[PDB]
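So this one's query09.cif, mmCIF, N, CA and C atoms:
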data_query
loop_
_atom_site.label_atom_id
_atom_site.label_comp_id
_atom_site.auth_asym_id
_atom_site.auth_seq_id
_atom_site.Cartn_x
_atom_site.Cartn_y
_atom_site.Cartn_z
N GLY A 1 0.84 -1.22 0.00
CA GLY A 1 0.00 0.00 0.00
C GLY A 1 0.86 1.25 0.00
N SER A 2 0.69 2.12 -1.00
CA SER A 2 1.48 3.35 -1.19
C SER A 2 1.29 4.36 -0.05
N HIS A 3 2.37 5.07 0.32
CA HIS A 3 2.42 5.96 1.49
C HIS A 3 1.97 7.40 1.19
N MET A 4 1.00 7.57 0.28
CA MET A 4 0.53 8.88 -0.18
C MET A 4 -0.20 9.63 0.95
N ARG A 5 0.42 10.69 1.47
CA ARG A 5 -0.08 11.45 2.63
C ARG A 5 -1.38 12.19 2.33
N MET A 6 -2.21 12.36 3.37
CA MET A 6 -3.52 13.03 3.26
C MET A 6 -3.71 14.26 4.18
N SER A 7 -2.60 14.75 4.73
CA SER A 7 -2.49 15.86 5.68
C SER A 7 -3.45 15.83 6.89
N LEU A 8 -4.69 16.33 6.85
CA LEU A 8 -5.66 16.07 7.92
C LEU A 8 -7.06 15.72 7.40
N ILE A 9 -7.41 14.44 7.52
CA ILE A 9 -8.69 13.85 7.09
C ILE A 9 -9.81 14.11 8.11
N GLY A 10 -9.47 14.04 9.41
CA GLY A 10 -10.40 14.17 10.54
C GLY A 10 -10.62 12.90 11.38
N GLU A 11 -10.02 11.76 11.00
CA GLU A 11 -9.96 10.53 11.83
C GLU A 11 -8.59 9.86 11.70
N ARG A 12 -8.17 9.60 10.45
CA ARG A 12 -6.87 9.01 10.07
C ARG A 12 -6.60 7.63 10.68
N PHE A 13 -7.61 6.78 10.64
CA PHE A 13 -7.69 5.61 11.49
C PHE A 13 -7.21 4.31 10.84
N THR A 14 -5.99 3.90 11.21
CA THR A 14 -5.28 2.65 10.84
C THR A 14 -5.19 2.36 9.33
N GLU A 15 -6.30 2.08 8.65
CA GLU A 15 -6.39 2.06 7.18
C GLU A 15 -6.27 3.47 6.56
N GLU A 16 -6.58 4.53 7.32
CA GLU A 16 -6.45 5.94 6.91
C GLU A 16 -5.25 6.63 7.58
N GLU A 17 -4.44 5.88 8.33
CA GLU A 17 -3.24 6.38 9.03
C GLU A 17 -2.08 6.79 8.11
N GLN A 18 -2.13 6.48 6.80
CA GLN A 18 -1.01 6.70 5.84
C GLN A 18 -0.32 8.07 5.96
N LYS A 19 -1.07 9.08 6.41
CA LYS A 19 -0.56 10.38 6.85
C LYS A 19 0.55 10.26 7.91
N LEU A 20 0.17 9.76 9.08
CA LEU A 20 0.96 9.66 10.31
C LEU A 20 2.08 8.63 10.10
N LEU A 21 1.74 7.57 9.39
CA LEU A 21 2.58 6.52 8.79
C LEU A 21 3.69 7.12 7.94
N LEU A 22 3.39 8.07 7.04
CA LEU A 22 4.44 8.57 6.14
C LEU A 22 5.39 9.44 6.96
N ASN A 23 4.78 10.29 7.78
CA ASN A 23 5.42 11.23 8.68
C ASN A 23 6.35 10.59 9.72
N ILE A 24 6.03 9.39 10.22
CA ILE A 24 6.96 8.64 11.09
C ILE A 24 8.01 7.86 10.30
N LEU A 25 7.69 7.45 9.06
CA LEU A 25 8.59 6.67 8.22
C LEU A 25 9.74 7.50 7.61
N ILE A 26 9.51 8.79 7.35
CA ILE A 26 10.52 9.75 6.85
C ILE A 26 11.50 10.24 7.95
N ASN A 27 12.40 11.14 7.57
CA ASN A 27 13.55 11.60 8.37
C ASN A 27 13.18 12.29 9.71
N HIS A 28 12.04 12.99 9.78
CA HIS A 28 11.53 13.65 11.00
C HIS A 28 10.00 13.60 11.08
N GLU A 29 9.46 13.49 12.30
CA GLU A 29 8.02 13.52 12.58
C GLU A 29 7.40 14.89 12.24
N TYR A 30 6.18 14.89 11.68
CA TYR A 30 5.64 16.05 10.95
C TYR A 30 4.17 16.41 11.24
N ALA A 31 3.29 15.46 11.59
CA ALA A 31 1.89 15.74 11.91
C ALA A 31 1.70 16.85 12.96
N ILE A 32 2.59 16.94 13.94
CA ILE A 32 2.51 17.99 14.97
C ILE A 32 2.86 19.39 14.45
N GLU A 33 3.71 19.49 13.43
CA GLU A 33 3.99 20.77 12.75
C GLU A 33 2.67 21.39 12.26
N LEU A 34 1.85 20.55 11.60
CA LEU A 34 0.48 20.87 11.23
C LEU A 34 -0.36 21.21 12.46
N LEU A 35 -0.44 20.33 13.46
CA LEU A 35 -1.26 20.52 14.67
C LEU A 35 -1.05 21.90 15.31
N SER A 36 0.19 22.31 15.58
CA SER A 36 0.48 23.59 16.23
C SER A 36 0.19 24.78 15.32
N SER A 37 0.54 24.64 14.02
CA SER A 37 0.19 25.67 13.04
C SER A 37 -1.34 25.87 12.98
N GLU A 38 -2.08 24.76 13.02
CA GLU A 38 -3.53 24.66 12.85
C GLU A 38 -4.26 25.23 14.06
N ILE A 39 -3.92 24.76 15.27
CA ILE A 39 -4.54 25.27 16.50
C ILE A 39 -4.34 26.78 16.63
N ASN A 40 -3.14 27.29 16.33
CA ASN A 40 -2.93 28.74 16.40
C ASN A 40 -3.60 29.51 15.25
N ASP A 41 -3.82 28.90 14.08
CA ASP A 41 -4.57 29.54 12.99
C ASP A 41 -6.07 29.68 13.34
N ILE A 42 -6.59 28.83 14.24
CA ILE A 42 -7.95 28.97 14.78
C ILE A 42 -7.96 29.96 15.96
N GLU A 43 -7.01 29.82 16.88
CA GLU A 43 -6.94 30.61 18.13
C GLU A 43 -6.70 32.11 17.89
N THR A 44 -5.67 32.42 17.11
CA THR A 44 -5.21 33.80 16.83
C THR A 44 -5.29 34.17 15.34
N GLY A 45 -5.14 33.20 14.43
CA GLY A 45 -5.40 33.41 13.00
C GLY A 45 -6.89 33.60 12.66
N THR A 46 -7.79 33.24 13.59
CA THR A 46 -9.26 33.38 13.51
C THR A 46 -9.91 32.78 12.26
N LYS A 47 -9.46 31.59 11.83
CA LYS A 47 -10.23 30.70 10.94
C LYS A 47 -11.58 30.34 11.58
N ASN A 48 -12.63 30.19 10.76
CA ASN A 48 -14.00 29.93 11.22
C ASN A 48 -14.76 28.99 10.25
N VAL A 49 -15.32 27.90 10.79
CA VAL A 49 -16.09 26.86 10.08
C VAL A 49 -16.89 26.04 11.12
N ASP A 50 -17.81 25.19 10.65
CA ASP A 50 -18.46 24.11 11.41
C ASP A 50 -17.44 23.06 11.94
N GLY A 51 -17.90 21.94 12.50
CA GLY A 51 -17.09 20.88 13.13
C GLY A 51 -15.92 20.30 12.33
N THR A 52 -15.76 20.66 11.05
CA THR A 52 -14.58 20.36 10.23
C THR A 52 -13.29 20.67 10.98
N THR A 53 -12.99 21.94 11.27
CA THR A 53 -11.72 22.30 11.92
C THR A 53 -11.61 21.74 13.33
N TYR A 54 -12.70 21.80 14.12
CA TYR A 54 -12.79 21.18 15.45
C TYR A 54 -12.27 19.75 15.41
N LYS A 55 -12.81 18.96 14.48
CA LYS A 55 -12.46 17.58 14.27
C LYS A 55 -11.00 17.41 13.86
N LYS A 56 -10.43 18.24 12.99
CA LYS A 56 -8.98 18.19 12.69
C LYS A 56 -8.12 18.45 13.95
N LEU A 57 -8.42 19.48 14.76
CA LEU A 57 -7.59 19.79 15.93
C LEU A 57 -7.72 18.73 17.04
N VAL A 58 -8.93 18.17 17.22
CA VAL A 58 -9.20 17.14 18.24
C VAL A 58 -8.78 15.73 17.77
N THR A 59 -8.79 15.45 16.46
CA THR A 59 -8.28 14.16 15.94
C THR A 59 -6.75 14.07 16.02
N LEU A 60 -6.07 15.22 15.87
CA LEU A 60 -4.61 15.30 16.01
C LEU A 60 -4.16 14.62 17.31
N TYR A 61 -4.70 15.04 18.46
CA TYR A 61 -4.42 14.38 19.76
C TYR A 61 -5.01 12.97 19.83
N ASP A 62 -6.22 12.77 19.28
CA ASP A 62 -6.88 11.46 19.27
C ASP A 62 -5.98 10.36 18.66
N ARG A 63 -5.01 10.72 17.79
CA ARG A 63 -3.97 9.77 17.33
C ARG A 63 -2.62 9.97 18.01
N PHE A 64 -2.15 11.21 18.12
CA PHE A 64 -0.82 11.53 18.66
C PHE A 64 -0.63 11.10 20.13
N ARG A 65 -1.58 11.42 21.02
CA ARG A 65 -1.51 11.16 22.46
C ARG A 65 -1.72 9.68 22.80
N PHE A 66 -2.55 9.05 21.98
CA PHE A 66 -3.04 7.67 22.14
C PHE A 66 -2.37 6.60 21.23
N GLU A 67 -2.49 6.72 19.91
CA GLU A 67 -2.13 5.66 18.94
C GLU A 67 -0.63 5.60 18.61
N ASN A 68 -0.06 6.78 18.36
CA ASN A 68 1.32 6.98 17.88
C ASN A 68 2.38 6.79 18.98
N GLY B 1 24.53 28.22 36.40
CA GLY B 1 23.36 27.85 35.58
C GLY B 1 22.98 26.39 35.76
N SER B 2 21.74 26.04 35.41
CA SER B 2 21.19 24.67 35.48
C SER B 2 20.13 24.42 34.40
N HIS B 3 19.95 23.16 34.00
CA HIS B 3 18.92 22.73 33.04
C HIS B 3 17.56 22.44 33.70
N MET B 4 17.45 22.50 35.03
CA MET B 4 16.28 22.06 35.82
C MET B 4 14.96 22.64 35.27
N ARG B 5 14.06 21.76 34.81
CA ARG B 5 12.90 22.10 33.98
C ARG B 5 11.82 22.87 34.74
N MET B 6 11.06 23.69 33.99
CA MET B 6 9.95 24.49 34.53
C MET B 6 8.57 24.17 33.93
N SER B 7 8.49 23.07 33.19
CA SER B 7 7.33 22.55 32.46
C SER B 7 6.55 23.60 31.63
N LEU B 8 5.55 24.31 32.14
CA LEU B 8 4.85 25.35 31.40
C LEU B 8 4.64 26.64 32.19
N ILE B 9 5.60 27.55 32.00
CA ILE B 9 5.65 28.90 32.59
C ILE B 9 4.63 29.84 31.90
N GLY B 10 4.38 29.62 30.60
CA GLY B 10 3.59 30.52 29.74
C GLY B 10 4.41 31.54 28.93
N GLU B 11 5.72 31.63 29.14
CA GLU B 11 6.65 32.42 28.30
C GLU B 11 7.75 31.51 27.76
N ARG B 12 8.62 31.04 28.67
CA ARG B 12 9.76 30.16 28.36
C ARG B 12 10.73 30.72 27.31
N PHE B 13 10.85 32.04 27.28
CA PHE B 13 11.76 32.81 26.42
C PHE B 13 13.22 32.37 26.62
N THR B 14 14.15 32.72 25.72
CA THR B 14 15.57 32.30 25.71
C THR B 14 16.27 32.13 27.09
N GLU B 15 16.10 33.06 28.05
CA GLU B 15 16.66 32.92 29.42
C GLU B 15 15.89 31.91 30.31
N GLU B 16 14.57 31.83 30.12
CA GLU B 16 13.63 30.88 30.74
C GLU B 16 13.44 29.59 29.92
N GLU B 17 14.22 29.41 28.85
CA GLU B 17 14.10 28.30 27.89
C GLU B 17 14.55 26.94 28.46
N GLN B 18 15.19 26.89 29.64
CA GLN B 18 15.75 25.66 30.25
C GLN B 18 14.80 24.45 30.20
N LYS B 19 13.49 24.71 30.17
CA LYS B 19 12.45 23.75 29.80
C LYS B 19 12.72 23.04 28.46
N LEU B 20 12.65 23.80 27.38
CA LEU B 20 12.72 23.37 25.98
C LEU B 20 14.12 22.82 25.67
N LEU B 21 15.10 23.51 26.24
CA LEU B 21 16.52 23.18 26.39
C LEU B 21 16.72 21.79 26.99
N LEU B 22 16.03 21.45 28.09
CA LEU B 22 16.33 20.15 28.71
C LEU B 22 15.70 19.05 27.86
N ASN B 23 14.48 19.33 27.41
CA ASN B 23 13.68 18.48 26.55
C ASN B 23 14.35 18.15 25.21
N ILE B 24 15.07 19.08 24.58
CA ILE B 24 15.89 18.76 23.39
C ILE B 24 17.22 18.09 23.73
N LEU B 25 17.78 18.35 24.92
CA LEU B 25 19.05 17.80 25.37
C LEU B 25 18.96 16.30 25.74
N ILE B 26 17.81 15.84 26.25
CA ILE B 26 17.54 14.42 26.56
C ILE B 26 17.20 13.57 25.32
N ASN B 27 16.81 12.31 25.56
CA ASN B 27 16.60 11.23 24.58
C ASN B 27 15.73 11.62 23.37
N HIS B 28 14.64 12.36 23.60
CA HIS B 28 13.74 12.91 22.58
C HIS B 28 13.04 14.18 23.08
N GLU B 29 12.54 15.01 22.16
CA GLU B 29 11.75 16.20 22.48
C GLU B 29 10.45 15.87 23.24
N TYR B 30 10.03 16.78 24.13
CA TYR B 30 8.97 16.51 25.12
C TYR B 30 7.98 17.67 25.34
N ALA B 31 8.37 18.93 25.12
CA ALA B 31 7.46 20.07 25.15
C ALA B 31 6.21 19.86 24.27
N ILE B 32 6.42 19.17 23.14
CA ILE B 32 5.39 18.82 22.16
C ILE B 32 4.33 17.85 22.73
N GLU B 33 4.74 16.90 23.58
CA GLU B 33 3.80 16.00 24.28
C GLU B 33 2.82 16.82 25.13
N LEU B 34 3.35 17.81 25.87
CA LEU B 34 2.54 18.79 26.57
C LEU B 34 1.66 19.58 25.60
N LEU B 35 2.16 20.04 24.44
CA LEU B 35 1.37 20.82 23.47
C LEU B 35 0.08 20.08 23.08
N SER B 36 0.15 18.82 22.63
CA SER B 36 -1.05 18.08 22.22
C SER B 36 -1.98 17.77 23.41
N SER B 37 -1.38 17.46 24.57
CA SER B 37 -2.16 17.25 25.80
C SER B 37 -2.92 18.53 26.21
N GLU B 38 -2.24 19.68 26.09
CA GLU B 38 -2.69 21.01 26.48
C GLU B 38 -3.80 21.49 25.56
N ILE B 39 -3.58 21.48 24.24
CA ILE B 39 -4.59 21.90 23.28
C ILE B 39 -5.87 21.08 23.43
N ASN B 40 -5.76 19.77 23.64
CA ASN B 40 -6.98 18.99 23.89
C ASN B 40 -7.60 19.25 25.28
N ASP B 41 -6.82 19.67 26.28
CA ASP B 41 -7.38 20.11 27.57
C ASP B 41 -8.21 21.41 27.43
N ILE B 42 -7.93 22.25 26.43
CA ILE B 42 -8.84 23.36 26.05
C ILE B 42 -10.01 22.84 25.20
N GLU B 43 -9.72 22.09 24.13
CA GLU B 43 -10.69 21.72 23.08
C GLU B 43 -11.82 20.81 23.58
N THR B 44 -11.45 19.81 24.39
CA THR B 44 -12.37 18.82 24.98
C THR B 44 -12.30 18.76 26.51
N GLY B 45 -11.14 19.07 27.13
CA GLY B 45 -11.05 19.18 28.59
C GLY B 45 -11.80 20.41 29.15
N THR B 46 -12.10 21.38 28.28
CA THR B 46 -12.81 22.64 28.57
C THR B 46 -12.22 23.44 29.74
N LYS B 47 -10.88 23.53 29.79
CA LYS B 47 -10.16 24.50 30.63
C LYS B 47 -10.61 25.93 30.34
N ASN B 48 -10.70 26.75 31.39
CA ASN B 48 -11.10 28.16 31.34
C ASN B 48 -10.46 28.93 32.51
N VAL B 49 -9.67 29.96 32.20
CA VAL B 49 -8.93 30.82 33.15
C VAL B 49 -8.52 32.12 32.44
N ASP B 50 -8.12 33.13 33.21
CA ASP B 50 -7.89 34.53 32.84
C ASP B 50 -6.58 34.79 32.06
N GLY B 51 -6.49 34.13 30.91
CA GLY B 51 -5.38 34.14 29.96
C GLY B 51 -4.26 33.15 30.26
N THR B 52 -4.25 32.49 31.42
CA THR B 52 -3.20 31.53 31.79
C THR B 52 -3.15 30.38 30.79
N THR B 53 -4.25 29.64 30.61
CA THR B 53 -4.33 28.51 29.67
C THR B 53 -4.22 28.93 28.20
N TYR B 54 -4.75 30.11 27.86
CA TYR B 54 -4.56 30.76 26.55
C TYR B 54 -3.08 30.92 26.25
N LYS B 55 -2.37 31.56 27.19
CA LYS B 55 -0.96 31.83 27.12
C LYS B 55 -0.13 30.55 27.00
N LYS B 56 -0.43 29.49 27.76
CA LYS B 56 0.25 28.19 27.60
C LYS B 56 0.10 27.63 26.16
N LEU B 57 -1.11 27.67 25.61
CA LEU B 57 -1.41 27.15 24.27
C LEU B 57 -0.76 27.98 23.16
N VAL B 58 -0.81 29.30 23.28
CA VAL B 58 -0.25 30.22 22.29
C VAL B 58 1.28 30.36 22.41
N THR B 59 1.85 30.16 23.61
CA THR B 59 3.32 30.16 23.80
C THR B 59 3.97 28.91 23.21
N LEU B 60 3.28 27.75 23.31
CA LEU B 60 3.78 26.50 22.70
C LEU B 60 4.14 26.74 21.23
N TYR B 61 3.20 27.24 20.41
CA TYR B 61 3.51 27.57 18.99
C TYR B 61 4.53 28.71 18.88
N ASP B 62 4.41 29.73 19.74
CA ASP B 62 5.29 30.90 19.72
C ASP B 62 6.78 30.53 19.91
N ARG B 63 7.10 29.33 20.44
CA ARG B 63 8.47 28.77 20.37
C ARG B 63 8.64 27.53 19.50
N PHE B 64 7.66 26.64 19.40
CA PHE B 64 7.74 25.43 18.56
C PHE B 64 7.79 25.72 17.05
N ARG B 65 6.86 26.55 16.53
CA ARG B 65 6.72 26.87 15.10
C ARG B 65 7.87 27.74 14.58
N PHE B 66 8.35 28.60 15.47
CA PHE B 66 9.38 29.62 15.22
C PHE B 66 10.82 29.25 15.66
N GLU B 67 11.04 29.00 16.95
CA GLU B 67 12.37 29.05 17.59
C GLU B 67 13.09 27.69 17.76
N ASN B 68 12.33 26.67 18.18
CA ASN B 68 12.78 25.31 18.53
C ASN B 68 12.07 24.23 17.68
#
Take the structure in the file and give it back as structure tokens.
Amino acid sequence: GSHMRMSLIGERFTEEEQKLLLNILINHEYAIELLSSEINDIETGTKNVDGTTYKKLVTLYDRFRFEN
Amino acid sequence: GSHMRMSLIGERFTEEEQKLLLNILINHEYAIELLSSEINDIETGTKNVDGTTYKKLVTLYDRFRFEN
């Protein structure tokens, strides 16, 4: 199965992990670079949407703190 | 001088950096583990205080994305 990254899907769950998978398989870990950029783009960058962005920021930890 | 850690001060600027400093000096980086734990403590833990928790979340990126 090809390691084609999907940046932030909103679950990224085992069969959809290829994101976190590619990022751990390469030279340095990378999903958190997105996570911190993303949380601050909502907090102080003032991005605004329905549960889409909520789900990206909360799924980041839902894999990073637990699965990874 | 000493490396003795301060976990989350809410600034951790170059002179107060001994936190981020100790965390990069040991086996692997660790301030980032706090970042994902912290952001989810706001997002789903529903922390609320008079800029203290705001400052912890926004300071994490203010050194992670930029400095370290």
Name the residues captured by the PyMOL selection byres ((chain A and name CA) within 10 of (chain B and name CA)) when it is applied to the shown file; answer as number ranges by chain. A: 32-40, 43-44, 54-55, 57-62, 64-65
Please give chain B as a short mmCIF file (atom, residue, chain, number, x, y, z; two decimals) with N, CA and C atoms, keeping the file's coordinate frame, after it has been superposed on chain A by least squares over all Cα atoms paired in order.
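And here's out_10.cif as it stands now:
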data_model
loop_
_atom_site.label_atom_id
_atom_site.label_comp_id
_atom_site.auth_asym_id
_atom_site.auth_seq_id
_atom_site.Cartn_x
_atom_site.Cartn_y
_atom_site.Cartn_z
N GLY B 1 -1.06 -1.38 -1.85
CA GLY B 1 -1.01 -0.31 -0.84
C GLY B 1 0.05 0.73 -1.17
N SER B 2 -0.07 1.93 -0.58
CA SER B 2 0.87 3.05 -0.75
C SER B 2 0.94 3.94 0.50
N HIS B 3 2.06 4.62 0.71
CA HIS B 3 2.26 5.58 1.81
C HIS B 3 1.77 7.00 1.47
N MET B 4 1.32 7.26 0.24
CA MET B 4 1.00 8.60 -0.30
C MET B 4 0.09 9.41 0.66
N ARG B 5 0.61 10.54 1.17
CA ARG B 5 0.05 11.27 2.31
C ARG B 5 -1.27 11.97 1.99
N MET B 6 -2.10 12.14 3.04
CA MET B 6 -3.40 12.82 2.94
C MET B 6 -3.54 14.09 3.80
N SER B 7 -2.42 14.56 4.34
CA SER B 7 -2.26 15.71 5.23
C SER B 7 -3.27 15.78 6.40
N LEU B 8 -4.44 16.40 6.29
CA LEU B 8 -5.44 16.42 7.35
C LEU B 8 -6.86 16.12 6.87
N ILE B 9 -7.20 14.83 6.97
CA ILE B 9 -8.51 14.25 6.63
C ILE B 9 -9.57 14.60 7.70
N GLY B 10 -9.13 14.73 8.97
CA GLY B 10 -10.01 14.88 10.14
C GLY B 10 -10.34 13.57 10.88
N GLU B 11 -9.93 12.42 10.37
CA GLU B 11 -10.00 11.11 11.07
C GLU B 11 -8.61 10.50 11.16
N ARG B 12 -8.08 10.09 9.99
CA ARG B 12 -6.76 9.46 9.85
C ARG B 12 -6.56 8.20 10.70
N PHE B 13 -7.65 7.47 10.93
CA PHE B 13 -7.70 6.20 11.65
C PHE B 13 -6.77 5.15 11.02
N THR B 14 -6.44 4.05 11.71
CA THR B 14 -5.48 3.00 11.29
C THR B 14 -5.41 2.67 9.77
N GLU B 15 -6.55 2.52 9.06
CA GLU B 15 -6.56 2.30 7.59
C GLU B 15 -6.24 3.57 6.76
N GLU B 16 -6.67 4.73 7.26
CA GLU B 16 -6.40 6.09 6.74
C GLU B 16 -5.14 6.73 7.34
N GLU B 17 -4.38 5.98 8.13
CA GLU B 17 -3.20 6.46 8.89
C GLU B 17 -1.99 6.78 7.99
N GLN B 18 -1.99 6.42 6.70
CA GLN B 18 -0.86 6.59 5.77
C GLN B 18 -0.19 7.97 5.84
N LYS B 19 -0.95 8.99 6.24
CA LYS B 19 -0.45 10.29 6.69
C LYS B 19 0.64 10.19 7.78
N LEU B 20 0.24 9.74 8.95
CA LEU B 20 1.01 9.68 10.20
C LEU B 20 2.16 8.66 10.05
N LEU B 21 1.81 7.57 9.38
CA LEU B 21 2.65 6.50 8.82
C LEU B 21 3.78 7.06 7.96
N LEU B 22 3.50 7.98 7.02
CA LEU B 22 4.58 8.41 6.13
C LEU B 22 5.50 9.35 6.91
N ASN B 23 4.87 10.22 7.69
CA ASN B 23 5.51 11.19 8.57
C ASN B 23 6.43 10.56 9.62
N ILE B 24 6.09 9.41 10.20
CA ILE B 24 7.03 8.67 11.07
C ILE B 24 8.08 7.87 10.30
N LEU B 25 7.77 7.43 9.07
CA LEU B 25 8.65 6.64 8.23
C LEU B 25 9.82 7.47 7.64
N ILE B 26 9.60 8.76 7.36
CA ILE B 26 10.64 9.70 6.89
C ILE B 26 11.57 10.22 8.00
N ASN B 27 12.44 11.18 7.66
CA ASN B 27 13.55 11.72 8.45
C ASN B 27 13.17 12.12 9.89
N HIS B 28 12.01 12.76 10.07
CA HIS B 28 11.43 13.15 11.37
C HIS B 28 9.90 13.24 11.29
N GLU B 29 9.22 13.16 12.43
CA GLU B 29 7.77 13.34 12.53
C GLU B 29 7.31 14.74 12.07
N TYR B 30 6.11 14.82 11.49
CA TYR B 30 5.64 16.01 10.77
C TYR B 30 4.16 16.37 11.01
N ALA B 31 3.29 15.41 11.34
CA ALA B 31 1.91 15.68 11.73
C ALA B 31 1.80 16.74 12.85
N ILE B 32 2.79 16.72 13.75
CA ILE B 32 2.93 17.64 14.88
C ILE B 32 3.18 19.10 14.44
N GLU B 33 3.95 19.30 13.36
CA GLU B 33 4.15 20.64 12.77
C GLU B 33 2.80 21.24 12.35
N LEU B 34 1.96 20.43 11.68
CA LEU B 34 0.59 20.78 11.39
C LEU B 34 -0.21 21.04 12.67
N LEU B 35 -0.09 20.22 13.73
CA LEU B 35 -0.83 20.41 14.99
C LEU B 35 -0.62 21.83 15.55
N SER B 36 0.62 22.28 15.75
CA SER B 36 0.87 23.62 16.31
C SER B 36 0.43 24.75 15.36
N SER B 37 0.64 24.53 14.05
CA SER B 37 0.17 25.49 13.03
C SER B 37 -1.37 25.62 13.06
N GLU B 38 -2.05 24.48 13.20
CA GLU B 38 -3.50 24.31 13.17
C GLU B 38 -4.13 24.92 14.41
N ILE B 39 -3.68 24.54 15.61
CA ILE B 39 -4.21 25.09 16.85
C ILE B 39 -4.07 26.61 16.88
N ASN B 40 -2.94 27.15 16.43
CA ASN B 40 -2.84 28.62 16.36
C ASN B 40 -3.70 29.24 15.24
N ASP B 41 -4.00 28.51 14.16
CA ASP B 41 -4.96 28.98 13.15
C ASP B 41 -6.40 29.08 13.72
N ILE B 42 -6.75 28.30 14.75
CA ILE B 42 -7.99 28.53 15.53
C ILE B 42 -7.80 29.67 16.54
N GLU B 43 -6.74 29.61 17.36
CA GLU B 43 -6.54 30.47 18.54
C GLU B 43 -6.36 31.96 18.18
N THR B 44 -5.55 32.21 17.15
CA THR B 44 -5.23 33.56 16.64
C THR B 44 -5.56 33.75 15.16
N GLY B 45 -5.51 32.69 14.33
CA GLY B 45 -5.96 32.77 12.94
C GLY B 45 -7.49 32.93 12.81
N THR B 46 -8.23 32.62 13.88
CA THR B 46 -9.69 32.70 14.00
C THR B 46 -10.46 31.98 12.87
N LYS B 47 -9.99 30.77 12.51
CA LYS B 47 -10.76 29.82 11.69
C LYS B 47 -12.11 29.50 12.33
N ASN B 48 -13.14 29.35 11.49
CA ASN B 48 -14.52 29.04 11.89
C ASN B 48 -15.23 28.30 10.75
N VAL B 49 -15.71 27.08 11.02
CA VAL B 49 -16.41 26.17 10.08
C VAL B 49 -17.17 25.11 10.88
N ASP B 50 -18.09 24.40 10.22
CA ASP B 50 -19.11 23.50 10.76
C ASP B 50 -18.58 22.12 11.22
N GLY B 51 -17.66 22.18 12.18
CA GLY B 51 -16.96 21.07 12.80
C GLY B 51 -15.71 20.59 12.07
N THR B 52 -15.44 21.06 10.85
CA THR B 52 -14.27 20.64 10.06
C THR B 52 -12.98 20.99 10.80
N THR B 53 -12.75 22.26 11.12
CA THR B 53 -11.55 22.72 11.84
C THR B 53 -11.48 22.22 13.29
N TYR B 54 -12.63 22.08 13.95
CA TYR B 54 -12.76 21.43 15.26
C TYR B 54 -12.21 20.01 15.20
N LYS B 55 -12.72 19.23 14.24
CA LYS B 55 -12.35 17.87 14.00
C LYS B 55 -10.86 17.72 13.69
N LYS B 56 -10.26 18.58 12.85
CA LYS B 56 -8.81 18.57 12.61
C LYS B 56 -8.00 18.75 13.92
N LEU B 57 -8.39 19.71 14.76
CA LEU B 57 -7.71 20.02 16.02
C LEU B 57 -7.86 18.90 17.06
N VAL B 58 -9.06 18.35 17.18
CA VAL B 58 -9.36 17.29 18.15
C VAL B 58 -8.87 15.91 17.67
N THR B 59 -8.78 15.68 16.35
CA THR B 59 -8.22 14.42 15.80
C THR B 59 -6.71 14.35 15.99
N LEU B 60 -6.01 15.50 15.86
CA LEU B 60 -4.56 15.56 16.10
C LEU B 60 -4.22 14.92 17.45
N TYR B 61 -4.83 15.39 18.56
CA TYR B 61 -4.60 14.76 19.89
C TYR B 61 -5.14 13.32 19.94
N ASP B 62 -6.31 13.08 19.32
CA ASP B 62 -6.95 11.76 19.32
C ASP B 62 -6.06 10.66 18.71
N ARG B 63 -5.02 11.01 17.91
CA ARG B 63 -3.95 10.07 17.54
C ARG B 63 -2.57 10.37 18.11
N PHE B 64 -2.18 11.62 18.30
CA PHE B 64 -0.87 11.99 18.87
C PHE B 64 -0.69 11.59 20.34
N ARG B 65 -1.66 11.95 21.22
CA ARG B 65 -1.62 11.71 22.67
C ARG B 65 -1.75 10.23 23.03
N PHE B 66 -2.54 9.54 22.21
CA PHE B 66 -2.93 8.13 22.36
C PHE B 66 -2.12 7.11 21.52
N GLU B 67 -2.16 7.22 20.19
CA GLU B 67 -1.82 6.13 19.26
C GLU B 67 -0.38 6.15 18.68
N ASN B 68 0.07 7.35 18.29
CA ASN B 68 1.35 7.64 17.61
C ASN B 68 2.22 8.64 18.41
#
Quick one: which residues end up in the PyMOL selection byres (((chain A and resi 1 and name CA) around 12) and name CA) for this structure, as number ranges by chain? A: 2-5, 15-18, 21-22
Point-to-point distance from atom CA of residue A:56 to atom CA of residue A:8, Å rounded to tenths: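 Answer for the atom CA of residue A:56 to atom CA of residue A:8 separation: 6.2 Å.
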Go ahead and fit an axis-aligned box to every listed atom of stretch 50-63 of chain B plus 6 Å each side, and pass me the centre and edge lengths in Å, one decimal, as JSON.
{"center_x": 0.3, "center_y": 30.6, "center_z": 26.0, "size_x": 28.8, "size_y": 20.3, "size_z": 26.3}
Could you work out how far atom CA of residue A:68 lies from atom C of residue B:19, giving the answer in Å with one decimal?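 Atom-to-atom, atom C of residue B:19 to atom CA of residue A:68, that is 22.4 Å.
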So how many Å separate atom CA of residue A:10 and atom CA of residue A:26, to one decimal? 21.7 Å
